[PDB]
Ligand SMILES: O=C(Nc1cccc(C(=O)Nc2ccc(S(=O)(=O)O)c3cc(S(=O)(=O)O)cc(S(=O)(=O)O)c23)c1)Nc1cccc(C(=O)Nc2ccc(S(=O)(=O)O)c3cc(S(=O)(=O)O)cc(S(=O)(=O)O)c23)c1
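The form deposited without this ligand is given below as one chain in structure tokens.
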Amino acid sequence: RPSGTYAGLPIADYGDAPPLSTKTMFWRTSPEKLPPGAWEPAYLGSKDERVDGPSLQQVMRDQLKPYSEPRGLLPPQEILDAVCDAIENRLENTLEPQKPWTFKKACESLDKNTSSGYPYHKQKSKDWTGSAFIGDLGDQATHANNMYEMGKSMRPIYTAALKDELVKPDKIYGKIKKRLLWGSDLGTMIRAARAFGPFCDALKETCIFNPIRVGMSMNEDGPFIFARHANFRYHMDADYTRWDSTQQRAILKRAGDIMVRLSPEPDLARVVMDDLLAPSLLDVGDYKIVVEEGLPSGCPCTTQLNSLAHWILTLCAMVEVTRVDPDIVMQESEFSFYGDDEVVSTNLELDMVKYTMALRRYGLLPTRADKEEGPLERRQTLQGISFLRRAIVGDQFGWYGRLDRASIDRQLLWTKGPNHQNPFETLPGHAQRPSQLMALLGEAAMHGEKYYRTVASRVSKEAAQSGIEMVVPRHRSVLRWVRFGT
């Protein structure tokens, strides 16, 4: 056995995980000195020549703390039942009944350029023929499919990791922070995909009529989604600190319950869900620790499981404060969820102080989207609310999501390439970067003439020192392309 405490959590066995990556995927696009207080790749550990800091492993201990924190309270049982049944019912009425996912289709759906997790820690492509897994992964997949078809429980193993992403300089040179990732094992992946693939697809095709926006296109779908939010009087942001680690399994189980009953094979899906939500085994390297609470984020369905819990919690707080039936608040409101990310629009007169408190009571840590210091605030125009890193703007033509210039400028300073030790290194000219460049041009168009021109230059210099030179379109032409599509 072991057991055994690590990072505040019970040790369940010895670890098998590779060492945490000590490298970043991001290369500077230009050799010149970086704009002051500009974002950089997150901390890379001891071998990181930018600052001396703790080991990556100590950074991860830090990320594990909240998972041993005392859970918040459950919402009132009567309210929780009402909102669950309402959500479920709305889903019965909107989801197109789907036919069961095959083994072939589950394997196909998986991202082939990411790790297989426990036990082989292979990249998924290495054992993939184009249509089936063979070799080692062939074994893991096949065994899992057998367990799935025979409704037999199998215990999932997650591999912990630290997200390589651009962060504010503070999180590098001030108090060092780096976000925790859970990596599902391939077995669990295929098992969850077969079970819940059909439900997730059903949900994804309902991305505009139902509040879970997973699978949406900001450009094509945003204007209709935002127009719906604008039918209602009051609008609010809410951001959440540490969403994943503050979740209650009890609530996750209710989200899971809804997912089961709406799956085309409920008896087989129940075994899968029970395993997913059973106390979780997480491989930190030296050990596999037990993480009883919070969200286990490794799998294909996770982002929708997470959004569904979010839907439940928002309604519970709303119902609790307003005292209107969950079904009726859903006719007086429009919601958008994507993991921790919410926009609530309503006609109900919601007490924003009592709303914040009711959420805080559930164990959540709400903050405003770009404002700081709560309670949460409501506004009487959608104009300026934020969702998915975009500002919601609205004009003569309609609503849209606009990426702020700080973000555009940022994507022009850094490019994605092979893993390497020094962030500041330049590679050669990225002729894999004409697709990205068009989108960015498009993103800048929405900021008007003067800004567009200034990124048009930056884009052209880069298109020169590259194997493909570009027709840089006129402002009005690209604006028209971005806003009006298709």
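What we label the rigid core is the largest C-alpha set whose atoms superpose within 1.5 Å from one form to the other. A residue's number is simply how far along the shown sequence it sits, counting from 1.
Engineer: Across the other PDB entries of this protein that were compared, is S466 absent from at least a third?
Structural biologist: Residue status for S466: gap in at least one third of the other entries.
Engineer: Where the other entries model residues on both sides, is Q432 skipped in at least a third?
Structural biologist: Other entries vs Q432: at least a third skip it.
Engineer: Averaging C-alpha B-factors over each stretch, which comes out higher, 371 to 379 or 235 to 243?
Structural biologist: The entry gives the higher C-alpha B-factor average to 371 to 379.
Engineer: Averaging the C-alpha B factors as listed in the entry, name the stretch that ends up higher: 101 to 109 or 190 to 198.
Structural biologist: Per the deposited B-factors, the answer is 101 to 109.
Engineer: I'd like to know which of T346, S297, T356, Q304 has the highest C-alpha temperature factor in the PDB entry.
Structural biologist: Of the candidates given, the C-alpha B-factor peaks at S297.
Engineer: What third of its chain's C-alpha B-factors does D409 belong to: lowest, middle or highest?
Structural biologist: Ranked within chain, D409 CA B lands in the highest tercile.
Engineer: Compared with the other modelled residues in the chain, in which third is the CA B-factor of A391?
Structural biologist: CA B-factor rank for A391: highest third.
Engineer: Taking the entry's C-alpha B-factors for this chain, is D170 in the lowest, middle or highest third?
Structural biologist: Its C-alpha B-factor, which the entry lists for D170, ranks in the highest third among residues of this chain.
Engineer: Lowest, middle or highest third: which one holds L262 when the chain's residues are ordered by CA B-factor from the entry?
Structural biologist: For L262, the deposited C-alpha B-factor lands in the middle third.
Engineer: Which third of the chain does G384 land in by C-alpha B-factor: lowest, middle or highest?
Structural biologist: As the PDB entry reports it, the C-alpha B-factor of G384 lands in the highest third of its chain.
Quick note: we don't show the form deposited with this ligand bound, though the next part is all about it.
Engineer: Using a 2.4 Å cut-off to backbone and C-beta atoms, with three or more ligand atoms needed to call it blocked: open or blocked for this ligand placed in the deposited complex and overlaid on this form?
Structural biologist: Judged by the transferred pose of this ligand in the deposited complex, this form is open (no ligand atom within 2.4 Å of backbone or C-beta).
Engineer: With the partner left out of view, is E165 within 4.5 angstroms of this ligand in the deposited complex by any non-hydrogen atom?
Structural biologist: Output for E165 is yes: heavy atoms within 4.5 Å of this ligand.
Engineer: Residue-level question: is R453 within 4.5 Å of this ligand in the deposited complex, judged on heavy atoms?
Structural biologist: Judged by the heavy-atom cut-off of 4.5 Å, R453 is well away from this ligand in the deposited complex.
Engineer: Check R389 for me: does it contact this ligand in the deposited complex (non-hydrogen atoms, 4.5 angstroms)?
Structural biologist: Looking in the deposited complex, residue contacts with this ligand include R389, since a heavy atom lies within 4.5 Å.
Engineer: Taking this ligand as it sits in the deposited complex, is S68 near enough to touch it, meaning that at least one heavy atom pair lies within 4.5 angstroms?
Structural biologist: Heavy-atom contact with this ligand at 4.5 Å: absent for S68.
Engineer: Go through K112, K122, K204, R242 and name the one with a heavy atom inside 4.5 Å of this ligand in the deposited complex.
Structural biologist: Only one option qualifies, and that one is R242.
Engineer: Select from the listed residues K171, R378, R368, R228 the one whose heavy atoms reach within 4.5 Å of this ligand in the deposited complex.
Structural biologist: In short, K171.
Engineer: Would you mind picking out the stretch of 44 to 52, 453 to 461, 60 to 68, 30 to 38 that comes within 4.5 angstroms of this ligand in the deposited complex, counting non-hydrogen atoms?
Structural biologist: So the stretch in question is 60 to 68.
Engineer: Once you align the rigid core, which of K122, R368, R270, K171 turns out to move its Cα at least 2 Å between the shown form and the other one?
Structural biologist: It is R368; the other listed residues stay below 2 Å.
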